[PDB]
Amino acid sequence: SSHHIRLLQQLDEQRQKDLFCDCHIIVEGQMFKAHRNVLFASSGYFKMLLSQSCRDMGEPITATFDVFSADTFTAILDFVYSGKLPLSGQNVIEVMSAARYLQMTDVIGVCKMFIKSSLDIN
């Protein structure tokens, strides 16, 4: 497990430092840099978007979204690169909606668990 945790920490450092970042995502005018292989692995949407050029290298692939906010995409991509998803009642509905759009069943599951846990109040 330590192998997997260290490796993903390194990939997270790489995307923060723009190393090997062959995918650009623009949300609300904000630019996110990331790796195609990680996104393809993590998202049914990116599997559909990136499949055509999966054996081509050259320009980075630039994808634009206006169906969710930059803050919401930050939370999703932070999870992709860490496995942690900070949620509150203020953002879990938006994150879950974006996870449906990006077809990320694991993020959807984390959101539903958070909602169920959060509602048990009394």
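For every residue, the number given is its place in the sequence shown, counted from 1.
Higher mean CA temperature factor between 29-37 and 51-59: 51-59, per the PDB entry. Here 8-16 and 110-118 are compared by their mean Cα B-factor, and 110-118 comes out higher. Between the residues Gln90, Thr74, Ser42, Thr64, the entry's highest C-alpha temperature factor is the one at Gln90. In this PDB entry, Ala70 carries a Cα temperature factor that places it within the middle third of its chain's modelled residues.
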